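Residue numbers (our numbering), protein chains in the order written: chain D, 3 to 304; chain X, 10 to 304; chain B, 10 to 304; chain R, 2 to 930; chain H, 11 to 175.
Okay, structure first, notes after.
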Amino acid sequence: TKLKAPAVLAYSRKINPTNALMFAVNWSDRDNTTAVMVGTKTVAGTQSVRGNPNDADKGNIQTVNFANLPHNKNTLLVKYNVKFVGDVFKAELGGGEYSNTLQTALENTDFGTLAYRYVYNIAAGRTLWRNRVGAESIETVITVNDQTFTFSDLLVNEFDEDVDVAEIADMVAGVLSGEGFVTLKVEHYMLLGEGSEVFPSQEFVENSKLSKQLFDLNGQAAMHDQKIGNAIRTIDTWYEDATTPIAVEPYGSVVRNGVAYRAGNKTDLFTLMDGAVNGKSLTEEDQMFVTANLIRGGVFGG
Amino acid sequence: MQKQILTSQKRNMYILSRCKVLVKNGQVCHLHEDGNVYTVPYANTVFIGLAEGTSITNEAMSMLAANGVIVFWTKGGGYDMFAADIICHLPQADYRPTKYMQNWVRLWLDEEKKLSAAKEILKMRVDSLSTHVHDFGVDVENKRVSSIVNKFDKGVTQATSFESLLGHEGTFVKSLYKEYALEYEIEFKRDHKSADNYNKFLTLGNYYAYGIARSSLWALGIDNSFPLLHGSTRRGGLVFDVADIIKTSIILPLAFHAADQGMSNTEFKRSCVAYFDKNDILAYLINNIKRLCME
Amino acid sequence: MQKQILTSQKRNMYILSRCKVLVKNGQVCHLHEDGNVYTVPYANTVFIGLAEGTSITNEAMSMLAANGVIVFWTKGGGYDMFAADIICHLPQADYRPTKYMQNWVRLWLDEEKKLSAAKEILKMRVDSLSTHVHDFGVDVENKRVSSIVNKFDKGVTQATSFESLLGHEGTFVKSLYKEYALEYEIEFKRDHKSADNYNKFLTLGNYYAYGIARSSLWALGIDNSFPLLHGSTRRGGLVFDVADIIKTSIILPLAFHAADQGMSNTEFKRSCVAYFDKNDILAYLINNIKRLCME
Amino acid sequence: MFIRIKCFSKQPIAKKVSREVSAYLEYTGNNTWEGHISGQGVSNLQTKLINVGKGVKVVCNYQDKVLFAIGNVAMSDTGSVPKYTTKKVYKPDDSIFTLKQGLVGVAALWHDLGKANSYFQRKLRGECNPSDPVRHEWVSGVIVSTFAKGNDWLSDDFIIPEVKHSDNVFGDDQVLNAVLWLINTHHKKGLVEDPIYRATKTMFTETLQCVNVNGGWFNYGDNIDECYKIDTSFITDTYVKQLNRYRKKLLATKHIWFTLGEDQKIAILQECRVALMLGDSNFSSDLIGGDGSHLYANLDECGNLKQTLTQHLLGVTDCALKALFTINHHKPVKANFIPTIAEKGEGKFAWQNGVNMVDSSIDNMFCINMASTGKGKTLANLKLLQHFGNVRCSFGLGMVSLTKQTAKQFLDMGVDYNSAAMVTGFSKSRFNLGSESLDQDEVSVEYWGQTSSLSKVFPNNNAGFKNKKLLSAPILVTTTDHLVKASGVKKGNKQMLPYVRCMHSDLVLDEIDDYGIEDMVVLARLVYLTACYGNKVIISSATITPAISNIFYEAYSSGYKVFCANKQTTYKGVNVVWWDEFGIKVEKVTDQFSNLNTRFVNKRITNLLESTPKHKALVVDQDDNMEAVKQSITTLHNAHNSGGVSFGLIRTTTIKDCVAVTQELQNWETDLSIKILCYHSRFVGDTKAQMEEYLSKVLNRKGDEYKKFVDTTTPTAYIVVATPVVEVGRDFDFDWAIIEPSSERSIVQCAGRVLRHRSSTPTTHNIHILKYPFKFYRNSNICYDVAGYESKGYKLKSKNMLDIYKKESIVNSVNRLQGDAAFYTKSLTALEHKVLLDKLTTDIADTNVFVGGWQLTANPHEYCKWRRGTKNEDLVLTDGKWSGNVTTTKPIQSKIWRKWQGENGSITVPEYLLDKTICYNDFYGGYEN
Amino acid sequence: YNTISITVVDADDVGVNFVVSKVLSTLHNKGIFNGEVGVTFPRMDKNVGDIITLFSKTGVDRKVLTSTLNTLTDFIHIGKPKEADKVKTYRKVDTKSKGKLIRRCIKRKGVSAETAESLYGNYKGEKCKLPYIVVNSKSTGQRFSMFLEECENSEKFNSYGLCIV
DNA sequence: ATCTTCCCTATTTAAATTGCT
DNA sequence: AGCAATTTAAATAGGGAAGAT
Ligand SMILES: [Mn+2]
Ligand SMILES: [Mn+2]
């Protein structure tokens, strides 16, 4: 007993998405993909900072980025490849006095549901935060091992039953429970309207710097890989007072709301893995949450 | 005054208020507030209730119990009973626990019927929601409420353990709380300690729900120590489990309407007992417990 | 709210006769026809029996049940020969501890565990005899009582059924009735309908031990519909099973002494309070029934 | 339990208490109830009988002793239930009460004459500095002194004369000087900086003539001429007649003032000052509203002009007169007759029947309870208090947790919260986890109790929760600092509440040896003040030194002389009750206390010595104490272990010493399985509390429940390195201890932490005393001053413990009990006794214990500071983030057995160590790195 | 005047106010606010709130506006039409910053650029701290911030739900 | 009906004073 | 000093009416 957790214990990320490159298409002209360019407009304004009152007279020529659709294409296309990898129970930096006990404590994990919610967050449009808002038509095409799947009307908040997501979830759960990998090429086509302004992900700017950096690969608007990884693991409906699916965190913590849902109420990942290697009976939902964290990965040492 | 409550099929839970029950000319009657005596037929009633302002005498008690009319003492309203004896198979010929009671015990014991009955109590809680449709409350056929209902139905049907059912029950209950908060334009978070109108009105409505569920559990002889969802150490957990069926279907819309219009507590009590009398909510709980225990 | 006195630590018990029980300025008080209003310590009352010619309002039951007082009536099936239905209202508004129901019914359903529990409660008869000795009557250590206790234990050890048990009861009780009678120099035939003091004091003590046994049952949450002794003449349930632990140790010596030493009903009633609180019989029965259920 | 409750009440307060008392007892008629109920039923009946309102007149009798008495019902002195009580019972030569009335009335009509200067008027209106150059009490004293020098101050018309700046206002007239000291010290006492005056001044006026304006009143002094130009608008009807009637009252009674002794004058003027601040704060708290303008005294919360000075002086006078009347004519509310005390003690408590050898009708009692630990000392103290009748006492104890332990003992034996009041004035956040319903512990702060009649004379109806628990408690289980302020304070009215508390209540001080020397001086000052009003002092200390026991007896004897000559009774002596676990002895001692006390001490020593030796201590020869600790740990594990598992306590002196011993033992290579704990006091709220509860549950050796809190399967050395926080108030039982020597009472106390719960005698040696303290390598001149009575005035000639202690010795209380003044420079015990008689002496000095003449001054509260510590700033951990220069560090992780983490709380760092980083760590708290 | 509620729900992944602003934009672009439907917000303390409240005098039904906000249905909630005798009506307040009025001084007074800087150099630069929304304007192709504050009720409203004059 | 609150209602206790022995 | 007569007054008990559940 009293199997104390290793200080070096970490797990690798098992859902690896690429950067979500963003293109402009039409709804019936889906093959002509023109890359959405981040424009950048200059704004003239004096600097106002707390530490330098002497520098407020002149300076701060700032040039803020923006990204709209072109005025001939009404559909935004978002392309990214989500790579699910198996052996989520292998610790990369941990070892096997604790990670092997985790293997033999989370073998009864229903990966079917875990994978369903992953592919449902892929398909329903959780990966399209501010640009699925106000779109009159949502479409998702998933290409997986030469199989094409079409999704039109999936409400993203609840994980309802559709056999299309389920079909992919099968091979995704077979990867995650076993050994190997699977790759889902996900292209989202959302009809926002003619010249509607799109929403790339944001680089962190300083309190000063410029107003807003949109995410650029080679000049073209895109969204962060870790931001999509936040979308995919947004499956946590099993904490106490669970209203909406949150991103599976080791503490159940969302930064933008200023509260942590699983911290400080004995449902955090660390107490559940210590309970697993000390062998108390877990329910299915918290064990699924622990396996979702191990799929997410991260260093758990102290 | 004189109040009739249908409970199972034919026997009636009589509620007597502001009256003196005694024996006149060899049979049980009661003098009322208006100075007019009213008799009681022994054949059509089994439960007779004594509300506020009511006294009964000894030979009236004895002759009522010798006619199979088993008496209980309740707070005025008929659904806040504090004193009774236990239903038997017959009141005079023998002393055996009721078939319903024994069935409940057996079902509770074997782990599979306990899990199946926990799933079933939540199935009938969703049924209660639709069955008892209010006017001021949210639409049960609305897309958000139906999505919450189907989420609860999927979660109960796919669960194999009780703590999963507790998490899903809490999700459904507070999701209906969130829906009714979205109706009535307020930030509502369920806490018993708050002194606002919505929380304390829901609290005393929940206490009324506990009272009517206690009456429904007593009326089939079901004891207060076999909860389905709640733990074995929870005192009176079966009252809470049965009252859960009508907490989010009846008590929650009435309480949110009561806090919206802001009237006082006694007229919320009369609205709750009016909804209990009009739609036969106790009879619904009685048939619910029969279908649960009979299986 | 406070601890509100443990129900094992309540010492007052009453059986009121020919009175109207009511609430006058928040006081549980019984009023006779001579204009005398005697109060009752309702927060310290174990039980209030109600004899013939009695009557009680709603509010008196409301603040007796809130203070945990069991109220029964001595008529109806209270002729004590059939002992079918002594009308006994309990306070189930308080949500009782549940675990004694759980261990009690685990042993109830299992018939072999019920038989063993019956043997333990039959041995509690002789345990009561040894623990509660009296200095105005039969010495427990003389040759006749020791011989009949040894015969009772060696018969209940080799017992096979409840029909065999019913018979051992016949022997113990009837012969203890008789052994007292021969030592009190009285030809005595137990008859609930008899007029002699040796029987009216015995029926009064029967009601007193009924109240103590029912309060000890309700305290733990245990009902009455789960008796350990099943027989043709054992109608009445678990309250008589708990109560006949303390007939021949307490109720029968007090009743025989009372009749022989010419006590009045009032002083026999009081002698019963003195023995039930000096040796703390309610906590004795409550702790012993915890020993009975346990696992 | 059979009780009987009778009602004396008028009103329908004979009716709405009848509902509650008829809810719990049967009605026997004629407003008398009688019946059987449980003790918790008695508690519930008390709680809902007192809370029902004011005017409840209830007497309860359990068998024939009175259980409780609600109100000031006279009830029973001999018989119970009187007939009519009307008036005019005794009417004596009260004399000293008329003296206190005259002094308080004359001073209270003159206490605020000095607010009439123009500076105080513009201070209240707010166009100058709110701090006066000279305080208004001194200006009023200048007014009264100038009026006395000009006209005859006792029988003349008043008229305020032209006053100038006077450095001193104290003359020779003893009564005038009393009035002047009451006027000047109605806010704060004068402070004398002068060393010759502090050296020599003893008498009443002869010390009071040294109280000048420079002792706090003369703040800055640039507007003195405006501070002494004064208007005379007080000459009205009711003020002049009140001044005349009180001055003539004083005139008629001052003939008994010269027949008083010094001790009387000091105590009477202390009572007068306490009543004067009571009346002044009572009238300053409430808002009277009406005013006659042109002159003002106080300000409201809005700063508007209120309480004009004529009616302010009149209100302070009547409130102080009423304060005096209720504090001098109070039959105070006492505790319940606890029925679980009065029966026999059985077995190891069988000495508690020594109360059946004490007289139950003695007016005074000085208990010296020399019983050893584990015998139930506090229960015996409650038994001794209840032997004289109903209990009214203040259990003043060191530490919060020891008050919690005595409260839990009082709760589970027989005492409810209607009689007990646990007071810890810090609101600590140490909560009980695991199960709130299944706790049956954690004594809390509610006090259903009974509000005393003294709350109406305090400011704004006493206070909220805390002062109601202070004043109105029958039994006040409190930390001691809520009682030592009775002897007096620097600034404010914080003296009055413990003063009026200790006036009508007994004082029970347990383990007074753990306090400091100045702490013990002010505790014996409190003992003297408690004995000044006839209350009984119970001292409960096993390791008492004759010096301490003597000076506490002399303080009680001076107090009982005050009380005897105050009621005009001839002083027969003090009923001294020597007590231990082997016997009791009650003697009427007016003189020769020393021979009787030493004879009882020798009898207790002979009753301790024929018992088996439980603590055999060997002083090690190894010079270096690091490897001495190593070798002693190895030896006492190889000798003293329970099947391979042994518990060791390394008692060291200070915190960096503790972390040095810990960091050496963690890096110490050995075949022994050392498991190290740090147990000093510098720890965060969470971490510290966690250590406490764990240690209390693993070192409990009365049963084998600890086998499940540690790994006793594998042979392991469970070592706890601790500072003197282990030797005070800890119910710990170690297999053996290694002690760094600081004082001999530390040796006796850490012997009391070894085999505290067991009775098995050691074979070879269970204590290994180190050769030197670790301060020898840092300061060879003085090394025992930290946590010891060595100092700069008392230096040991040698620091070797072979020279200053026995090499093999059975350590018990005998060396501390005996008392030796000779050879104090080369033995630790005689060094200890020397200091104890040279600081707690029978003199008045200035920081001494018989203090007379200086009680009038602020000197015993400035130069004798209770809990005199270092500056002490508090670095606070807020949610894992430290406040100041802390820098969390990482411990050695070699042998730590248990380490609890902390996130909130605070650490107490001395200002000396604030310069550098305290470097807080999870294992060991504060150090120098 | 009878009124209807549009409460933004489940907008945590996206700010609540972005959904509120998109609700305003979709209510603008598909008609709704012709001249008589107005908006109000029950929870302006420092944020604009999460409830849009439409108090049209003729009466707003659920069906027309739920067909209008078909794009926001994933995170919207619509209450049944209730009544209110008094609604707390807000209006539009706009900000000017330097060059704005400079171009006005180009086109109204006809003065040169340097003297237009000269008359406005030490002036202007007001800073509105009122609660606001962020609006896509479609006729003028740039996105801006619109400030709302409490004013007396007006009979006529704009195409956005705010008071006129 | 039951019970409570309050207003009569005067009936019912306790104190107060003071010659008288 | 105890008491008696005798006033004076504060309080206790009860009945009726009205308002709550
Ligand atoms: Mn002052
Ligand atoms: Mn003042």
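All residues carry an ideal CB built from backbone N, CA and C; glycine is no exception.
Query, Result
"Have a look at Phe265/B, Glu194/B, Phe171/B and flag the residue whose alpha-carbon is nearest the alpha-carbon of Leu237/B.", "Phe171/B"
"Give a yes or no on whether 7 Å exceeds the smallest Cβ distance from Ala93/B to chain X.", "yes"
"Interface residues of chain D around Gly179/X at Cβ under 9 Å?", "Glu242, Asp243, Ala244"
"Quick one: complete alpha helix (DSSP H) runs, 4+ long, within the stretch 603-671 of chain R?", "626-640, 656-667"
"Once DSSP output is grouped into helix, strand and coil, what is the label at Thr327/R?", "helix"
"For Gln36/X, report the span of its beta strand (DSSP E) as first-last.", "36-40"
"Any chance the stretch 228-243 of chain R sits against the stretch 520-531 of chain R, with 3 or more Cβ pairs inside 8 Å?", "no"
"Considering just the uninterrupted stretch of the beta strand (DSSP E) at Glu196/B, what are its terminal residues?", "No beta strand (DSSP E) holds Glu196/B; DSSP gives it neither H nor E."
"Output needed for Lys165/R: all residues of its chain with C-beta closer than 7 Å, excluding positions within five of it in sequence on either side, in chain order.", "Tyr229"
"Check this for me: beta carbons of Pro106/X and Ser241/B, under 7 Å apart or not?", "no"
"Following a CB-centred definition, is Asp281/R positioned closer than 6 Å to any heavy atom of ligand 2?", "yes"
"Let me see if you follow: with CB-CB separation under 7 Å, is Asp286/B close to chain R or not?", "yes"
"Quick check for students: name the residue ranges of the beta strand (DSSP E) that lie wholly in the stretch 269-355 of chain R, counting only runs of 3 or more.", "none"
"Please identify, using Cβ separations under 9 Å, the residues of the stretch 19-40 of chain H that lie next to chain X, in order along the chain.", "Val19"
"Does ligand 2 have a heavy atom nearer than 6 Å to the CB of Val317/R?", "yes"
"Please report the distance separating the alpha-carbon of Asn296/B from that of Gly214/X.", "37 Å"
"Is there contact here, the stretch 163-178 of chain D with the stretch 116-125 of chain D, by at least three beta-carbon pairs under 8 Å?", "yes"
"Which ranges would you report for the alpha helix (DSSP H) in the stretch 713-769 of chain R if only whole runs of at least 4 residues count?", "745-752"
"Assign residue 177/H to one of two classes, buried (16 or more other C-beta atoms within 10 Å of its C-beta) or exposed (fewer than that).", "The displayed coordinates of chain H run from 11 to 175. Any statement about residue 177/H would go beyond what the structure contains."
"Can you find a C-beta in chain H that's less than 7 Å from the C-beta of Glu150/X?", "no"
"Would you say the beta carbon of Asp270/D comes nearer than 6 Å to a heavy atom of ligand 1?", "no"
"Enumerate in chain order the residues of its own chain whose CB-to-CB distance from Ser792/R is below 6 Å, with the five nearest sequence positions on each side excluded.", "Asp786"
"Alpha carbon to alpha carbon, how far is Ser453/R from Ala15/R? Give it in angstroms, no decimals.", "20 Å"
"Mind checking whether the beta-carbon of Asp113/R lies closer than 6 Å to any heavy atom of ligand 1?", "yes"
"Run down chain H in chain order and give the residues with a C-beta less than 8 Å from the C-beta of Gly136/D.", "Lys32, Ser35, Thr36, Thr81, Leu82"
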